[PDB]
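Source file: run.txt; contents: compact mmCIF, C-alpha atoms and all ligand atoms.
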```
# COMPACT_ATOMS: atom_id res chain seq x y z
CA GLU C 1 130.83 114.11 109.36
CA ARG C 2 128.97 112.14 106.65
CA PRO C 3 129.04 108.64 108.23
CA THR C 4 130.90 105.68 106.77
CA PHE C 5 128.75 103.18 104.86
CA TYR C 6 129.08 99.42 104.54
CA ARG C 7 127.55 97.09 101.94
CA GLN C 8 125.66 93.85 102.53
CA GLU C 9 123.46 91.58 100.32
CA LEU C 10 120.22 90.42 102.00
CA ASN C 11 117.03 89.34 100.16
CA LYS C 12 118.70 89.23 96.74
CA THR C 13 119.40 92.97 97.24
CA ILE C 14 122.34 95.17 98.28
CA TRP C 15 121.85 97.31 101.42
CA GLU C 16 124.34 100.11 101.97
CA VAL C 17 123.86 101.64 105.45
CA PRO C 18 125.76 103.71 108.04
CA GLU C 19 128.04 101.77 110.44
CA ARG C 20 125.75 102.72 113.37
CA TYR C 21 123.17 100.14 112.09
CA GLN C 22 124.09 96.50 112.83
CA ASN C 23 122.48 92.99 112.87
CA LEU C 24 120.44 93.54 109.75
CA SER C 25 118.04 90.68 109.17
CA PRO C 26 114.96 90.74 106.78
CA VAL C 27 111.30 91.21 107.84
CA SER C 28 112.10 95.56 101.59
CA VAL C 29 112.37 95.95 105.40
CA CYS C 30 115.13 94.83 107.90
CA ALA C 31 115.22 94.79 111.70
CA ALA C 32 118.41 96.28 113.14
CA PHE C 33 120.26 97.49 116.20
CA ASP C 34 121.11 101.20 116.18
CA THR C 35 124.32 101.46 118.28
CA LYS C 36 124.08 105.24 118.59
CA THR C 37 120.57 105.25 120.26
CA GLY C 38 120.36 101.70 121.67
CA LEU C 39 117.05 101.20 119.83
CA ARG C 40 115.78 98.24 117.85
CA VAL C 41 114.77 99.73 114.51
CA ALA C 42 113.09 98.93 111.26
CA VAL C 43 114.97 99.99 108.14
CA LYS C 44 113.09 100.25 104.83
CA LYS C 45 114.91 100.58 101.56
CA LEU C 46 112.56 101.96 98.94
CA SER C 47 112.78 100.03 95.63
CA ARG C 48 113.16 102.07 92.43
CA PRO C 49 112.07 105.26 94.24
CA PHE C 50 112.38 107.49 91.16
CA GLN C 51 111.32 105.11 88.34
CA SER C 52 108.19 107.03 87.27
CA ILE C 53 106.41 110.31 87.97
CA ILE C 54 103.94 108.50 90.21
CA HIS C 55 106.63 106.59 92.18
CA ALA C 56 108.76 109.77 92.60
CA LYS C 57 105.77 111.62 93.99
CA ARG C 58 104.90 108.73 96.33
CA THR C 59 108.47 108.69 97.69
CA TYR C 60 108.35 112.45 98.35
CA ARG C 61 104.85 112.02 99.92
CA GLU C 62 106.01 109.24 102.24
CA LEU C 63 109.13 111.22 103.28
CA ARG C 64 107.20 114.41 103.96
CA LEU C 65 104.63 112.59 106.14
CA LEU C 66 107.17 110.67 108.19
CA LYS C 67 109.30 113.82 108.71
CA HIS C 68 106.24 115.55 110.10
CA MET C 69 104.96 113.01 112.68
CA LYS C 70 106.24 113.88 116.14
CA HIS C 71 103.75 112.22 118.49
CA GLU C 72 103.94 109.22 120.85
CA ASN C 73 101.06 107.21 119.27
CA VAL C 74 102.25 107.89 115.74
CA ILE C 75 105.27 106.38 114.06
CA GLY C 76 108.12 108.84 113.57
CA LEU C 77 111.24 109.02 111.49
CA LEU C 78 114.41 108.24 113.49
CA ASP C 79 116.71 108.61 110.48
CA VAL C 80 116.68 108.94 106.69
CA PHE C 81 119.76 108.40 104.59
CA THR C 82 121.32 107.64 101.23
CA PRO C 83 124.76 106.33 100.20
CA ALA C 84 124.96 109.08 97.51
CA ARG C 85 127.16 112.24 97.97
CA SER C 86 125.25 114.30 95.40
CA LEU C 87 121.90 114.68 93.62
CA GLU C 88 123.35 113.23 90.41
CA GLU C 89 124.20 109.90 92.13
CA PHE C 90 121.00 109.94 94.26
CA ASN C 91 118.87 106.82 93.66
CA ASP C 92 118.25 104.98 97.01
CA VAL C 93 116.27 106.06 100.06
CA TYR C 94 116.42 104.32 103.41
CA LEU C 95 113.89 105.20 106.15
CA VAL C 96 114.49 104.38 109.80
CA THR C 97 111.81 103.95 112.40
CA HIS C 98 111.35 102.26 115.80
CA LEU C 99 110.88 98.51 115.71
CA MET C 100 107.68 97.67 117.56
CA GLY C 101 106.71 94.46 119.35
CA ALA C 102 103.67 93.13 117.51
CA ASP C 103 100.84 94.37 115.33
CA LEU C 104 97.24 94.18 116.63
CA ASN C 105 96.45 90.96 114.65
CA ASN C 106 98.93 88.86 116.63
CA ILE C 107 97.61 90.25 119.88
CA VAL C 108 93.89 89.24 119.52
CA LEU C 109 90.69 91.45 125.62
CA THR C 110 89.61 93.04 128.95
CA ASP C 111 87.62 96.29 128.93
CA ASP C 112 90.61 98.07 130.52
CA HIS C 113 92.84 96.98 127.62
CA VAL C 114 90.23 98.12 125.08
CA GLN C 115 89.92 101.56 126.75
CA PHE C 116 93.70 102.00 126.78
CA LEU C 117 94.27 100.89 123.19
CA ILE C 118 91.37 102.80 121.66
CA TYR C 119 92.33 105.83 123.75
CA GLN C 120 95.77 105.74 122.20
CA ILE C 121 94.49 105.37 118.63
CA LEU C 122 92.23 108.41 119.10
CA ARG C 123 95.01 110.45 120.76
CA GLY C 124 97.15 109.82 117.65
CA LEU C 125 94.22 110.45 115.27
CA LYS C 126 93.51 113.82 116.92
CA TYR C 127 97.13 114.74 116.24
CA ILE C 128 97.05 113.48 112.60
CA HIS C 129 93.66 115.02 111.86
CA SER C 130 94.54 118.39 113.31
CA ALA C 131 97.24 118.61 110.60
CA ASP C 132 94.55 117.82 107.99
CA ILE C 133 96.06 114.40 107.30
CA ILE C 134 93.73 111.44 106.69
CA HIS C 135 95.15 107.99 107.35
CA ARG C 136 92.66 106.26 104.92
CA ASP C 137 93.73 102.76 105.84
CA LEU C 138 93.46 102.09 109.59
CA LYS C 139 93.41 98.33 110.32
CA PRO C 140 94.74 96.08 113.13
CA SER C 141 97.86 95.27 111.09
CA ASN C 142 98.81 99.06 110.93
CA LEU C 143 98.67 99.35 114.71
CA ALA C 144 101.72 98.17 116.60
CA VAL C 145 101.99 97.65 120.34
CA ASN C 146 104.77 96.81 122.87
CA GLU C 147 104.88 94.69 126.09
CA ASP C 148 103.37 97.64 128.11
CA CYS C 149 100.35 97.95 125.70
CA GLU C 150 101.75 101.29 124.34
CA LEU C 151 100.50 101.86 120.80
CA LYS C 152 101.67 103.48 117.57
CA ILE C 153 99.85 104.03 114.28
CA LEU C 154 101.83 102.86 111.25
CA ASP C 155 101.81 103.05 107.47
CA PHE C 156 101.19 106.46 105.90
CA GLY C 157 101.84 107.55 102.25
CA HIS C 158 95.85 99.69 96.89
CA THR C 159 94.88 97.88 93.63
CA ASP C 160 91.38 96.78 92.57
CA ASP C 161 92.45 93.10 93.06
CA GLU C 162 93.78 93.65 96.63
CA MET C 163 90.45 95.14 97.59
CA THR C 164 88.41 92.21 96.11
CA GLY C 165 86.76 89.30 97.95
CA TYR C 166 87.09 88.10 101.56
CA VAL C 167 89.98 90.37 102.56
CA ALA C 168 90.98 92.42 105.65
CA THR C 169 92.13 95.17 103.30
CA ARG C 170 88.47 96.30 103.04
CA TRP C 171 86.76 95.14 106.26
CA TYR C 172 87.65 98.41 108.08
CA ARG C 173 87.01 100.98 105.36
CA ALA C 174 84.12 103.41 105.63
CA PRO C 175 81.22 102.76 103.21
CA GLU C 176 81.61 106.09 101.43
CA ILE C 177 85.20 105.20 100.33
CA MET C 178 84.51 101.48 99.81
CA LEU C 179 81.92 102.53 97.18
CA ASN C 180 83.11 106.07 96.18
CA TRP C 181 79.84 107.72 97.29
CA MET C 182 81.28 111.23 97.84
CA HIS C 183 84.45 113.29 98.36
CA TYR C 184 85.31 111.66 101.69
CA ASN C 185 87.22 113.22 104.57
CA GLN C 186 88.89 112.53 108.00
CA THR C 187 85.73 110.91 109.43
CA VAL C 188 86.54 107.68 107.45
CA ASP C 189 89.32 107.00 109.97
CA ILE C 190 86.73 107.08 112.80
CA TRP C 191 84.70 104.43 110.98
CA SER C 192 87.83 102.21 110.95
CA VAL C 193 88.34 102.71 114.69
CA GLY C 194 84.72 101.64 115.26
CA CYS C 195 85.44 98.44 113.37
CA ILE C 196 88.65 97.91 115.36
CA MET C 197 87.12 98.62 118.80
CA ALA C 198 84.22 96.21 118.04
CA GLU C 199 86.81 93.56 117.02
CA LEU C 200 88.80 94.03 120.27
CA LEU C 201 85.62 93.57 122.35
CA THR C 202 84.10 90.55 120.56
CA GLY C 203 87.34 89.03 119.21
CA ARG C 204 85.69 88.93 115.73
CA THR C 205 85.67 91.10 112.61
CA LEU C 206 82.70 93.42 112.60
CA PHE C 207 82.11 93.37 108.82
CA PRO C 208 83.85 90.30 107.30
CA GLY C 209 82.31 90.93 103.87
CA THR C 210 82.97 88.39 101.08
CA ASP C 211 82.89 91.26 98.61
CA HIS C 212 81.95 94.96 98.50
CA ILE C 213 78.17 94.27 98.33
CA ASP C 214 78.01 91.59 101.02
CA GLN C 215 79.98 93.98 103.28
CA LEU C 216 77.58 96.80 102.50
CA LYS C 217 74.72 94.45 103.40
CA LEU C 218 76.39 93.51 106.69
CA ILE C 219 77.00 97.21 107.40
CA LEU C 220 73.40 98.31 106.58
CA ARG C 221 72.00 95.48 108.74
CA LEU C 222 73.80 96.93 111.76
CA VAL C 223 73.41 100.74 111.32
CA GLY C 224 70.28 100.93 109.18
CA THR C 225 69.66 101.84 105.55
CA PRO C 226 70.41 105.50 104.69
CA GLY C 227 67.81 108.22 105.30
CA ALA C 228 66.56 110.95 103.01
CA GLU C 229 69.27 113.41 103.99
CA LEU C 230 72.23 111.07 103.66
CA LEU C 231 70.91 110.00 100.21
CA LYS C 232 71.05 113.65 99.02
CA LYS C 233 74.75 113.71 99.98
CA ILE C 234 75.71 110.64 97.94
CA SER C 235 77.18 112.46 94.88
CA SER C 236 77.38 109.29 92.79
CA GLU C 237 73.94 108.84 91.24
CA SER C 238 74.77 105.26 90.20
CA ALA C 239 75.50 104.38 93.86
CA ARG C 240 72.55 106.42 95.16
CA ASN C 241 70.31 104.57 92.75
CA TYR C 242 71.70 101.16 93.88
CA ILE C 243 71.19 102.01 97.58
CA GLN C 244 67.54 102.84 96.87
CA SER C 245 67.01 99.34 95.48
CA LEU C 246 67.58 97.86 98.94
CA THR C 247 64.63 97.31 101.22
CA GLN C 248 64.79 99.64 104.21
CA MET C 249 66.16 98.42 107.55
CA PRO C 250 66.34 100.20 110.88
CA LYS C 251 69.43 100.61 113.09
CA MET C 252 69.92 97.55 115.37
CA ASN C 253 70.20 97.66 119.11
CA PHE C 254 73.99 97.69 119.79
CA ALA C 255 73.47 96.42 123.41
CA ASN C 256 72.12 93.20 121.81
CA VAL C 257 74.96 92.82 119.29
CA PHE C 258 77.72 93.57 121.87
CA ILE C 259 76.30 91.54 124.78
CA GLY C 260 78.19 91.92 128.06
CA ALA C 261 79.99 95.03 126.90
CA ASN C 262 80.40 98.13 129.03
CA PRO C 263 77.45 100.40 128.14
CA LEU C 264 79.94 103.26 127.64
CA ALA C 265 81.71 101.16 125.01
CA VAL C 266 78.31 100.48 123.37
CA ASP C 267 77.50 104.16 123.46
CA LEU C 268 80.86 105.16 121.87
CA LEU C 269 80.51 102.53 119.07
CA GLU C 270 77.09 103.97 118.20
CA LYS C 271 78.58 107.45 117.74
CA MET C 272 81.47 106.09 115.67
CA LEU C 273 79.55 103.75 113.38
CA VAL C 274 77.08 106.33 112.14
CA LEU C 275 76.44 105.89 108.44
CA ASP C 276 76.37 109.66 107.72
CA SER C 277 80.02 110.77 107.99
CA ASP C 278 78.95 114.34 108.89
CA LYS C 279 77.38 113.04 112.16
CA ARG C 280 80.30 110.79 113.18
CA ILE C 281 82.11 111.62 116.43
CA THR C 282 85.62 113.18 115.95
CA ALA C 283 88.85 111.96 117.47
CA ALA C 284 88.86 115.17 119.56
CA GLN C 285 85.28 114.62 120.80
CA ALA C 286 85.79 110.88 121.37
CA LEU C 287 88.70 111.56 123.80
CA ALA C 288 86.33 113.46 126.09
CA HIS C 289 83.78 110.56 126.18
CA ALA C 290 83.20 108.99 129.64
CA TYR C 291 84.51 105.59 128.46
CA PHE C 292 88.06 107.03 128.61
CA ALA C 293 87.69 108.75 132.07
CA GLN C 294 90.75 106.78 133.43
CA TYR C 295 93.07 107.94 130.68
CA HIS C 296 91.65 111.26 129.49
CA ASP C 297 93.91 114.23 130.09
CA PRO C 298 93.09 117.40 128.11
CA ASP C 299 96.63 118.76 128.68
CA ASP C 300 98.38 115.72 127.26
CA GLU C 301 96.48 115.27 124.01
CA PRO C 302 98.54 117.48 121.72
CA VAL C 303 97.86 118.60 118.18
CA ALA C 304 100.23 118.89 115.26
CA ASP C 305 102.06 121.68 113.53
CA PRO C 306 100.52 122.79 110.23
CA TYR C 307 101.35 120.46 107.31
CA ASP C 308 101.64 121.95 103.86
CA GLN C 309 100.51 119.36 101.31
CA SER C 310 99.94 121.77 98.43
CA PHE C 311 102.48 119.53 96.61
CA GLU C 312 99.68 116.92 96.17
CA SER C 313 98.00 119.16 93.56
CA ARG C 314 101.28 119.88 91.69
CA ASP C 315 102.30 118.06 88.41
CA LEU C 316 106.10 117.89 88.28
CA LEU C 317 108.73 116.03 86.30
CA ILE C 318 110.55 113.06 87.81
CA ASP C 319 113.81 114.98 88.34
CA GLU C 320 111.95 117.70 90.19
CA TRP C 321 110.30 115.24 92.63
CA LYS C 322 113.72 113.58 93.10
CA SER C 323 115.34 116.96 93.80
CA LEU C 324 112.63 117.80 96.32
CA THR C 325 113.11 114.41 97.96
CA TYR C 326 116.89 115.04 98.08
CA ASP C 327 116.45 118.37 99.92
CA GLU C 328 114.31 116.63 102.57
CA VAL C 329 116.89 113.87 103.08
CA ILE C 330 119.85 116.23 103.62
CA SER C 331 117.80 118.63 105.76
CA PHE C 332 116.69 115.84 108.14
CA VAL C 333 117.45 116.61 111.77
CA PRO C 334 117.15 113.60 114.10
CA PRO C 335 114.93 113.67 117.21
CA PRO C 336 116.61 114.57 120.59
CA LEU C 337 116.96 112.25 123.64
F1 LIG U 1 105.39 102.31 108.75
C1 LIG U 1 106.66 102.48 108.33
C2 LIG U 1 106.96 103.60 107.55
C3 LIG U 1 108.25 103.82 107.09
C4 LIG U 1 109.25 102.92 107.42
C5 LIG U 1 108.94 101.80 108.21
CL1 LIG U 1 110.26 100.74 108.57
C6 LIG U 1 107.63 101.54 108.69
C7 LIG U 1 107.26 100.30 109.57
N1 LIG U 1 107.78 100.40 110.95
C8 LIG U 1 107.57 99.50 111.94
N2 LIG U 1 106.80 98.42 111.91
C9 LIG U 1 106.90 97.84 113.11
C10 LIG U 1 106.26 96.66 113.54
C11 LIG U 1 106.60 95.84 114.52
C12 LIG U 1 105.72 94.84 114.56
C13 LIG U 1 104.81 95.00 113.60
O1 LIG U 1 105.13 96.15 112.94
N3 LIG U 1 107.75 98.59 113.83
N4 LIG U 1 108.13 99.54 113.14
```

Go ahead and render the structure in this file as structure tokens.
Amino acid sequence: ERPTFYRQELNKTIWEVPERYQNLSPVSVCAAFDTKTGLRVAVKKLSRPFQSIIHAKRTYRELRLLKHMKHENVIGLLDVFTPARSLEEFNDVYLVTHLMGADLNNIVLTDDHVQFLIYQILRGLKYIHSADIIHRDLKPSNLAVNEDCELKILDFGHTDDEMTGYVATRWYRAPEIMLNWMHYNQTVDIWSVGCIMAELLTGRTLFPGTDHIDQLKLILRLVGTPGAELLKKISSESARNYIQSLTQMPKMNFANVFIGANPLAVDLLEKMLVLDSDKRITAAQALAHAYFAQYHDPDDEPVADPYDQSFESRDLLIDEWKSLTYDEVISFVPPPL
């Protein structure tokens, strides 16, 4: 009742998977056909999952999060497995998820398409947020879609160099995390959605900053320089002091930046791209905004079960994180259909 495994070298690396998975080809991640469900799937083999304390914890983190997500606009775990028969042999973790059509880069729209896509991102963010999970990293490339425009949020669980220069890895991040102004929270995801929604409407990056400071300048041009109250809340005195060096600018008219756009879109953007994260609209409030009248259904916008992440504040040995990851592998129950 443990399935039979077969071995196969791909991108210089040996993949050992259950017979159910066939037609493995690279995309480490491989596309495959799952003969038991009839689904096209992505299969990720984690590299050196238990090499260090930090990597062991990250592997546990990733497996906990994926095991938890059971929502249509969020990417779920279809299977998790290992070729090992015991903890002592355990050293490889394979994660199986749906293969999606295309990310949101490839796809860049009508106002109907923008409503439907942003609706879906918010529906999934409500679910994620209600479990006190923060995505941190929402961008077009973490948002996959199919032929029918049905959307899933991807990639849960970034160096100084990756975040430097003219790079998409920073264009969608909220200013408070981009510059470490304060202990940030869930609201940073809403900032990202604002950036994405703007991009879907204009076909152009909202804040294509050439570095952190240029981006901040582009941001402050649009939404205004911070006010007295927001300044108080910037915990970092070095950053607060830098902000105060800038000459004050008022919030621009959004109707004149997003010309031709549905006024309800303009309105929603204004509530999303508010500099003060305490005054940003929530995923749950956004869903009730008139812009989504076509799609809004308060009975089909579910929330998540509670998610214990007390493990985040725990300092454990490698073997202990590996043991905890083992338990979660062998306890995995697949979804029903
Ligand atoms: F996001 C995760 C997390 C854990 C494992 C895996 Cl394989 C993934 C990526 N999954 C996935 N990506 C896509 C996709 C399709 C097109 C662009 O992205 N479909 N499915």

How would you report the residues lying within 7 Å of ligand LIG 1 (chain U), as a ChimeraX atom specification, if you count only C-alpha atoms and all ligand atoms? /C:29,41-44,75,95-103,144,154-156

What is the distance between atom CA of residue C:300 and atom CA of residue C:123, in Å to one decimal? 9.0 Å

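Every polymer residue reaching to within 12 Å of (88.0, 91.1, 130.2), counting all atoms listed in the file, appears in this list: residues 109, 110, 111, 112, 113, 114, 115, 200, 201, 202, 203, 260, 261 and 262 of chain C.
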
Restricting the calculation to only C-alpha atoms, which member of C:38, C:22, C:12, C:128 is positioned closest to residue C:307? C:128

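Using all atoms listed in the file for every distance, the candidate list C:332, C:171, C:119, C:326 yields C:119 as the residue closest to residue C:289.
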
Between atom CA of residue C:180 and atom CA of residue C:139, what is the distance, to one decimal in Å?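 One can read the atom CA of residue C:180 to atom CA of residue C:139 distance as 19.1 Å.
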